[PDB]
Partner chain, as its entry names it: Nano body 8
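One chain comes next, on its own, written as structure tokens: the form deposited without the partner chain.
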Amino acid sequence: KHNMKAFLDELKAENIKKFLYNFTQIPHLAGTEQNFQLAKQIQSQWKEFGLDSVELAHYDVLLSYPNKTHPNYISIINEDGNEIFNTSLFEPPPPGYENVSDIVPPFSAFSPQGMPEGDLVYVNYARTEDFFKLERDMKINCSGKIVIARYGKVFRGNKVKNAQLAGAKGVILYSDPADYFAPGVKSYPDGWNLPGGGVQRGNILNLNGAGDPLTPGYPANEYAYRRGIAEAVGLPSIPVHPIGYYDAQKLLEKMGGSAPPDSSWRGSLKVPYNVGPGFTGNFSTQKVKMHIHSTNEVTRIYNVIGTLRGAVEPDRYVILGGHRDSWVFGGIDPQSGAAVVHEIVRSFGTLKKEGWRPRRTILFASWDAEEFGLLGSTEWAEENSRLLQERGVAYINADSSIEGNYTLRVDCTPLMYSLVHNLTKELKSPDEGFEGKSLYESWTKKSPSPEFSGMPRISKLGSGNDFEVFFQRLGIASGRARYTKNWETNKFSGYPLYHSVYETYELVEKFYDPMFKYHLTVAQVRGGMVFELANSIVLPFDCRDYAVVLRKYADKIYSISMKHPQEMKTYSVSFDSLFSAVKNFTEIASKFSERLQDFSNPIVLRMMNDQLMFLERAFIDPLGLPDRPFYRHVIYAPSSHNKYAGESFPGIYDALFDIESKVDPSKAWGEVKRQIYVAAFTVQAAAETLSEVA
């Protein structure tokens, strides 16, 4: 038979291993020839695997690269302008790669050029609360200082935005062993820890969903009108550069001024972690000097788009997408995901060659320039937004399949909770000690839901990956799953070798998943999700799961407001409309579920499938969120303090955030009230899409 089991059984760990090896022998940096060649290879193989059509969709977008003949570095400079210490010009290459060409040296993509010199201030993780502590409690002023911050906890672009608004004239990012060196494990190549010479590349944009900085709202095609660089979206105004902890130690060890306010500011280096500004007495006339010479350049990028036409509903799209571009070799990010997608295409193609077609159309994507701000997925979605708006069922992301080997990690819309629970109950656990047990059983045991007994944790969607345009801008039901570590507070920090030259095929094969059983398990979850979405007669969404979370989020935002009871009294701030809307949604969704079960009629079915498909669509506000026109979902948005984290009722959340510090409380509370109205209205409007249609 041609059923989900046939599909799943065709998937092979061995094939995933072969493809991972194949995708990770050379770097595949966006906008380079090596990545175009890999695009063409994938396009060819997907055709061979049996897809109906496979095309490259290209765009010309703003990318950023170091100057090959004028390298970036940081110095300590003495009284006389002698550079007495220089940071490294490249990461020592790993064994057997010391002759590989075209390894991009560590840099912060989209940094402006500059050579600022000044005194250092240490800002911990450069989070909003870190800057509050500095400025409000410690009375330290960052204006005209070079800030140094440890990577971790939040997206690096948020750190740079926070530094810029504190008046910093430059930012130095570094990897502290506290966040990037697990106790009792060896440095690469002998284990999975970050060596002192290792450095994390990554972009530092604040795009808020815009895509290519030069063409917000429209695809960066051949005739596109581009903004001038001065009007570009999201570019940092101060130079930024990343370094390893050997180099960081040299910059931190001399630091003077104030002591760290408490232990949560101290990393693992043998230094005081003094905040500054500047160095201790003896070195007080030494400064830090950055040298940044990178250039932003409009460059062609290439997405691969494969189509497997649906047999019954060809005009309904289920999309499996993930990126292909890497900083260097991409042994985990993204090739552990790309290899999984490749094996899923192969398996679907095997069924198709035997005469099977899915019910709905399945689109497969290999996105480009993900590392430079989700550029490829965003531009494609801008080009095809009308088709996606009216036909998009669901989007399943497929970046890194592993970031650990401990348990499953799933983030998705509530609409997919039941699908995930059901599928994971049908799949075998790969975990030691859970042999013959379901994936659902190991996951729930290792990652328990904070709200429910005998249920697994499923997290919210924010941004920092290619689902963002589909979910936050267009309102298409989205999900993602991967294997992860135990390390709770390291959730948003990355595994240790993240975005370093050490992230190789050998890293994965030796230390992460020698048998490729975790990869296989993730291929089963991602592929099985796509299978059910593309093939189930009734779409596998349960609107009642949205009703349950909406109540939890309404309780939560109410509880935040209720920290300010006097203001709620003064300004008559009521959440009654929001709770009414959530109650209504719960009642209507219950009735709709009854009809979905109680309803041979393909019109009533598709009518009902359309109500299910457009339910996520209904949470979109066409006016967008305040000053973030491309984040249009009213229930979720990327956190304004951390792009990686999803925030619920973001418009009300941001209206409430730090509100006790606002100069005009009347105005600030009026805005909270406006956001409550928008939220209550959108919840009610979404509810009403599930009512009987006439």
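Positions refer to the first chain, counted from 1.
This protein has a second form, the form deposited with the partner chain bound, left out of what is shown; the following refers to that one.
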Should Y518 be counted as a contact of the partner chain in the deposited complex, where contact means heavy atoms within 4.5 Å?
-> no
For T87, is any heavy atom within 4.5 Å of the partner chain in the deposited complex, or not?
-> yes
Non-hydrogen atom contact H293 with the partner chain in the deposited complex at 4.5 angstroms | no
Although the partner chain is absent from this view, report whether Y246 comes within 4.5 Å of it in the deposited complex, heavy atoms only.
-> yes
Going by heavy atoms within 4.5 Å, which of 76-84, 413-421, 129-137, 394-402 lines up against the partner chain in the deposited complex?
-> 76-84
Quick one: from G167, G196, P261, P112, grab the residue that has a heavy atom within 4.5 Å of the partner chain in the deposited complex.
-> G196
Partner-contacting position among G191, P272, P92, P105 - heavy atom within 4.5 Å of the partner chain in the deposited complex | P92
Of 237-270, which residues get within 4.5 Å of the partner chain in the deposited complex if you count heavy atoms?
-> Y246, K250, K254
